[PDB]
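Visitor: I'd like to ask you about the structure that follows.
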Amino acid sequence: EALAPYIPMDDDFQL
Amino acid sequence: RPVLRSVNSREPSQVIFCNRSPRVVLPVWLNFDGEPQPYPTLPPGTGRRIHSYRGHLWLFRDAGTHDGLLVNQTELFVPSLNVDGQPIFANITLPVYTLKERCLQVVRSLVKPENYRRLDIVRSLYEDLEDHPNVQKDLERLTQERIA
Amino acid sequence: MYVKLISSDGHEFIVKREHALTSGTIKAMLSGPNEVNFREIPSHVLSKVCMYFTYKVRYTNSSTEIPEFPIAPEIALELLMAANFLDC
Amino acid sequence: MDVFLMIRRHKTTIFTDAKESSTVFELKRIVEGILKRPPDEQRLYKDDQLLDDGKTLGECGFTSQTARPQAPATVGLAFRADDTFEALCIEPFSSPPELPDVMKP
């Protein structure tokens with residue numbers, strides 16, 4: 001099956 | 001089978017998108033048919049963990065204007081297998097635009113396209129303003145450069 | 001070593017010759033086997049073009065975070081015509 | 001790191017860079033190569049403050065973060081005469097015209 005990227009529920013962080 | 005496409009490796013690779021630019025960044029994933037798909041944007045100066053895969057292709061653009069951006073100083077980013085649990089960084093930055101391109105950016109940002117030819121500028125610049133950045137064109141361009 | 005660029009109101013800008021070659025226009029002029037008159041470019045524009053030279057030479061091939069090159073809306077049109085004329 | 005400067009006198013502006021650890025005297029040496037006046041005939045300034053020959057540019061307040069290539073820090077330059085005093089004087093650049101209606105908010 002085709003597996004596309006995804007984003008974990010998580011806060012972004014500041015650089 | 002286009003030349004630029006992700007491979008369906010199904011092998012997980014954790015990546016960290018780091019937006020080291022002042023733009024709102026759109027990550028663009030090339031799917032397995034080479035068609036670009038948008039992913040959630042990153043505000044300036046922010047990082048985000050991503051679940052991607054080995055051999056997938058990504059590029060990055062200004063989300064509002066599709067100005068070109070670089071990722072680890074090149075056009076395309078490809079996750080590799082994580083060594084010892086460490087994610088791969090994708091450091092997104094502005095390229096050094098030409099001054100001309102940078103001026104066109106600023107002018108586009110200020111002037112509705114219907115009003116470009118009301119500007120008191122040399123006539124060859126109207127078409128330059130109208131020829132805004134376009135991901136599909138970039139993909140055709142990157143494809144040719146690759147062949148050569 | 002350095003080249004001197006003259007703007008329309010007679011401001012003189014002395015910049016490293018390597019930096020001035022960022023301009024394709026200047027590069028072709030000085031390419032043979034120094035002062036350049038740019039009387040069509042006002043000093044509020046030519047000073048910014050010289051900053052662009054410094055910025056291109058510093059940041060090209062660099063792996064650092066690159067800052068935006070800033071352009072105030074009110075100089076954008078003239079700077080665009082200078083950049084076009086100067087090929088940079 | 002490096003600081004990026006505009007050394008300005010009257011209607012002359014020199015774009016140059018120098019190390020933050022380099023001295024005011026070494027910047028006068030750069031100026032001497034270009035404008036042919038020796039260090040003991042130059043006065044360099046940050047705003048209205050005369051800079052001491054012996055201080056580094058960092059010690060004078062020129063730091064990499066605030067003297068960047070795309071927005072260089074201004075160093076004022078004045079020359080000495082045998083019997084007169086030259087006020088520091090930097091001629092402003094020109095002013096742009098009015099922003100066109102089609103570019104206004």
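How things are named: the first chain in the structure tokens is A, the next is B, and so on; residues count from 1 in each chain; ligands count from 1 in the order shown.
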What residues in chain C lie within 9 Å of chain B, counting only C-alpha atoms, written as an MDAnalysis selection string?

Guide: chainID C and resid 49 52 55:56 59:73 76:84 87:88

Visitor: For those residues, write C-alpha atoms to a file as a PDB file, in the first residue's frame.

Guide:
```pdb
ATOM      1  CA  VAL C  49      22.735  48.075  -4.914  1.00  0.00           C
ATOM      2  CA  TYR C  52      23.326  43.878  -2.361  1.00  0.00           C
ATOM      3  CA  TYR C  55      25.204  40.511   0.731  1.00  0.00           C
ATOM      4  CA  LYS C  56      25.558  38.353  -2.442  1.00  0.00           C
ATOM      5  CA  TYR C  59      25.891  34.674   1.561  1.00  0.00           C
ATOM      6  CA  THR C  60      26.427  32.876  -1.718  1.00  0.00           C
ATOM      7  CA  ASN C  61      27.766  29.303  -1.004  1.00  0.00           C
ATOM      8  CA  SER C  62      27.098  29.835   2.680  1.00  0.00           C
ATOM      9  CA  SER C  63      25.361  27.308   4.828  1.00  0.00           C
ATOM     10  CA  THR C  64      24.252  29.864   7.417  1.00  0.00           C
ATOM     11  CA  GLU C  65      20.747  31.126   7.833  1.00  0.00           C
ATOM     12  CA  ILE C  66      20.410  33.797   5.118  1.00  0.00           C
ATOM     13  CA  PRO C  67      18.622  37.026   6.208  1.00  0.00           C
ATOM     14  CA  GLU C  68      16.127  38.662   3.902  1.00  0.00           C
ATOM     15  CA  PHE C  69      17.491  41.421   1.693  1.00  0.00           C
ATOM     16  CA  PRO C  70      15.335  44.328   2.795  1.00  0.00           C
ATOM     17  CA  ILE C  71      13.699  46.646   0.317  1.00  0.00           C
ATOM     18  CA  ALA C  72      11.420  49.553   1.407  1.00  0.00           C
ATOM     19  CA  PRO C  73       8.291  49.740  -0.863  1.00  0.00           C
ATOM     20  CA  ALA C  76      11.301  49.063  -5.011  1.00  0.00           C
ATOM     21  CA  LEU C  77      10.509  50.295  -8.529  1.00  0.00           C
ATOM     22  CA  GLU C  78      13.730  52.210  -9.038  1.00  0.00           C
ATOM     23  CA  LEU C  79      15.773  49.399  -7.480  1.00  0.00           C
ATOM     24  CA  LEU C  80      14.116  46.958  -9.822  1.00  0.00           C
ATOM     25  CA  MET C  81      15.061  49.083 -12.822  1.00  0.00           C
ATOM     26  CA  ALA C  82      18.655  49.395 -11.468  1.00  0.00           C
ATOM     27  CA  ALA C  83      18.921  45.657 -10.861  1.00  0.00           C
ATOM     28  CA  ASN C  84      17.604  44.993 -14.367  1.00  0.00           C
ATOM     29  CA  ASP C  87      22.089  42.534 -14.332  1.00  0.00           C
ATOM     30  CA  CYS C  88      22.311  41.411 -10.731  1.00  0.00           C
TER      31      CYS C  88
END
```

Visitor: Return the neighbours of chain D among the residues of chain C, cut-off 6 Å, counting only C-alpha atoms, as a list in words.

Guide: residues 11, 12, 13, 14, 15, 43, 44, 51, 54, 55 and 74 of chain C

Visitor: Based on only C-alpha atoms, which of the residues in chain A come within 7 Å of chain B? I want them as a list in words.

Guide: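 Close to chain B, chain A has residues 2, 3, 5, 6, 7, 8, 12, 13, 14 and 15 of chain A.
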
Visitor: So which residues of range 12-139 of chain B fall under strand (DSSP E or B) by DSSP, listed as a VMD selection string?

Guide: chain B and resid 12 to 19 25 to 30 36 to 38 42 46 to 53 57 to 62 68 70 to 71 74 77 83 86 88 to 93
